[PDB]
Amino acid sequence: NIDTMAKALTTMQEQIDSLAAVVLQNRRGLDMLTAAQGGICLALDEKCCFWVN
Amino acid sequence: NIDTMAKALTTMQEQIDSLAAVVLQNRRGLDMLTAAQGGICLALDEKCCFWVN
Amino acid sequence: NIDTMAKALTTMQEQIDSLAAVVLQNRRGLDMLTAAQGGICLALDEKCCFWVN
Ligand SMILES: [Cl-]
């Protein structure tokens, strides 16, 4: 019996971790699609954004 | 601060849902771009990541 | 061993920021891939989803 406001924190962490999974997969999807351009980061000529878990 | 923590949770929750919308849309975009390959997950040859709730 | 909550909020916020960066970059990637169609949103014939302010 704890979790007073941390119940919203736990649900959010679940959402974040899950969303990250989708985002990273989307990133792999984009890097796959833009392999000819060296990946999506290179294709966009921008610094690469990574997950930090 | 307590009230600050509540506000932080509130905004972050709103940020999560907003981001999730962009992510899901990006996912639909990727699925469209790889529809012929069965979607981005099948194209990626990976277990698909979903974001529900 | 005290106040993990307040700290968790900051950690989560940065996680969201980090993720948003990837998501936005992915969106730019998708818009680039569908530039001829006016971006992924228009390519998907959907209302564009955006990140918070
Ligand atoms: Cl994404």
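Letters A, B, ... are given to chains in the order of the sequence lines, protein chains preceding strands, and every chain is numbered from 1. The analysis underlying the following values was restricted to heavy atoms, covering all of them including side chains, and did not include hydrogens, waters or symmetry mates.
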Is atom CG of B:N53 surrounded by more than 12 heavy atoms (other residues, nucleotides or ligands) closer than 6.0 Å? no
Over all atoms of both residues, closest heavy-atom pair of B:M32 and C:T34: CE-CG2, 4.4 Å
Is C:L19 in contact with chain B via its backbone, its side chain, both, or neither, using a 4.5 Å heavy-atom distance? both
Roughly how far, to the nearest 0.5 Å, is CE of B:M12 from CD1 of C:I16? 5.5 Å
Starting at CG of B:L9, measure out to CG of C:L9 and round the result to the nearest 0.5 Å. 5.0 Å
Is the side chain of B:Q25 donor-acceptor paired with the backbone N or O of C:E46 at a distance under 3.5 Å, no angle test? no
If I measure from the heavy atoms of chain B, does C:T10 come under 4.5 Å with its side chain, its backbone, both, or neither? neither
So what's closer than 4.5 Å to chain B heavy atoms on C:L30: side chain, backbone, both or neither? side chain
Enter the distance from B:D17:CG to C:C49:SG here, rounded to the nearest 0.5 Å. 11.5 Å
I need the C:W51 CH2 to B:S18 OG distance, nearest 0.5 Å. 6.5 Å
If you count heavy-atom pairs under 4.5 Å between each of C:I40, C:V23, C:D31 and chain B, which one has the most? C:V23
Under a 3.5 Å distance rule, please check whether C:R27 uses its side chain to pair with a backbone N or O of B:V22 as donor and acceptor. yes
